[PDB]
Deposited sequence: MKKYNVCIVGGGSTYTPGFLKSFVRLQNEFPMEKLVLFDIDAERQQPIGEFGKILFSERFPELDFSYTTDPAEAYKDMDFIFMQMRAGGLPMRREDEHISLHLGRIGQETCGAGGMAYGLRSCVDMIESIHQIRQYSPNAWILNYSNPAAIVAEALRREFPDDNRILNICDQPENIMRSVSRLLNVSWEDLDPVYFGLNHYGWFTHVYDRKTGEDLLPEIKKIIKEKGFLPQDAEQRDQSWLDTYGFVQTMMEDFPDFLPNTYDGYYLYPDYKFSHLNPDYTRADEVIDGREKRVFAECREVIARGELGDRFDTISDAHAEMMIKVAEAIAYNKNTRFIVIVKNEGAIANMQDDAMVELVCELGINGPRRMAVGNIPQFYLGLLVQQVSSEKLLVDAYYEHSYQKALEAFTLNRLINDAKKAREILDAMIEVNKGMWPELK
C-alpha cells in the first residue's frame, strides 16, 4: 500500500525540508503521489521545480506536482499536510512591529501579534478545510499552521464531528531533543509527562525509557551548572539561543517542572519586551535568514539542472496513524476530563497514543493552582478571540485582548486592537 499526500502551503520555507525528508524516509513512509498546493503560484514555483529535479534524481516512481487548483490538490488524498501562513511573513512583520511600537511584546503566536495572526488563520483555515472536505472527506488532516491553540479552538467549533483533524507542534519534542543533548542520550529514549496549552506547558516528569527513572532531577542539575542549549544550537539564530538559554533563569525561579520555552513570555513579560528590537524583529530575521537561504538553494539547483527534524515529526505522525503504531506523541486534543479541573471544551496539549483512530489522550488529573490560574486565563482569552470571529463582535475581541497576559490593560487593548483592524482590513472577520 502507498499513500497520496498533499502539502497545503507548498511555497513555505519548510517545504524543501519536507521534500528531502520524503526521500530519506522513503522506506518508512511509502508514497505514490505528492501534490504541493498554494495560493501564491510564483512563490511555490521555484520550490516545485526544485522538487522535480530532486525527485527525478532520488524518487523517480513518485508522481509529483504543484498546483494552485483545489480540485487537483485534494482529490483522492490520504494525508493533507497543512503549513500555511495566513498573510505570510509580511503580516507577521506587522504583528511584531505594531505591538512593540505600542509597548507590548510582539511575537508570532503569543500576545497581540499571535491573536492577530490567529484571526487571519481562523478565516483561511476554515475556508481551506471546507474545500478539502469537498473532495476527500476521509483524508487525515495534519496541521502545523499557527497559531495552533487558536486554530484548534476554531476548528473544534466549525467541525465538531470531524474525527480526522489533528493539530501538532514541534516545541515539546524540540525540548526533549535539547534534553537529550544535555544528557548525551538518544531523544527517542525519553518518556515525558506533559500538560498545558500549545506554547504554554510544563514537563512534570522525564522518564528514562528502559529503566523508568525520573531524569528530571538530574536535568535541572546540569542546567544550573552548564545551561540549556537547543539540540541544533550551532545552526540556530541568536534569538533562539537566548530563548533556550533563558530556561536556566526560569528553572531557578520555578524549579518544579521543566518549562516550554514559550513560558518565558508569560512569566517574564517585562524582561522579554525589554530585549526585543522594535524596528528589526524576528520576522525580519526569518526574511533575511531562513527564507533567503532556502529560496536561494532552490534557485541554485534550478539554474544548474541538478542537485529535517521539523519535517520528520509530521511524517512520523503520519506513519503512526497510517500503520496504527499507537506510539506516544505530544499533540493538541480536546480536554474533556484529561485535565480534570479545566473545562471540557478546552483544546489542550498532552501525551497521547496515536493510531488509525486518532489520538488517545492520557489523564493527567488536577493540575496545581498556580498553573490552573495561568492556563485558564489564556484559554479564556483564546476562546473569546474565536468568539469575535464567529459573532463579528468587536467587544469580544476587546475582552480577549484585555484579558491576555501579554496585554493586560483595557486601554492598551483598544489601542492595539484598533491598529490591528486597520492593517488587517481584508484578512480579518468584520468586528462590529
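Gaps in the model relative to the deposited sequence occur at 1, 309 to 316, listed in sequence order.
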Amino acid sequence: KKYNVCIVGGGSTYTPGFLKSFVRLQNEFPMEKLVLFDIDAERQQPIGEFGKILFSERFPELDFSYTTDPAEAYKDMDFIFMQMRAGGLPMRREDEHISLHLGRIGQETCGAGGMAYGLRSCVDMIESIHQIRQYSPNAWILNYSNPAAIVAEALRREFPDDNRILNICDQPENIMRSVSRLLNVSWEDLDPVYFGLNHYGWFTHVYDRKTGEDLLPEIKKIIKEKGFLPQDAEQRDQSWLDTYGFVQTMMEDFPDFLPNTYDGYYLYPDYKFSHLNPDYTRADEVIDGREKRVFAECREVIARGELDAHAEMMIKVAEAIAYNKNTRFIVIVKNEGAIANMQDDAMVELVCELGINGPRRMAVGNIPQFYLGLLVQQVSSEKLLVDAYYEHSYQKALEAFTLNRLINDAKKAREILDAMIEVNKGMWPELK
From here on, numbers count along this sequence of modelled residues.
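Between the stretches 190 to 198 and 230 to 238, it is 230 to 238 that shows the larger average CA temperature factor. When the C-alpha B-factors of 242 to 250 and 296 to 304 are averaged, 296 to 304 comes out higher. Per the PDB entry, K221 shows the highest C-alpha temperature factor of the residues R85, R133, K221, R156. When the C-alpha B factors of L54, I407, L372, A400 are read from the deposited coordinates, the top value falls at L54. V8: CA B factor in the lowest third of modelled residues in this chain (values from the PDB entry). For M420, the recorded CA temperature factor ranks within the middle third of the chain's modelled residues.
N326: CA B factor lies in the middle third for its chain, per the PDB record. Ranked within its chain, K33 lands in the highest third, by CA B factor from the PDB record. Sorting the modelled residues of the chain by their CA temperature factor places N174 in the middle third.
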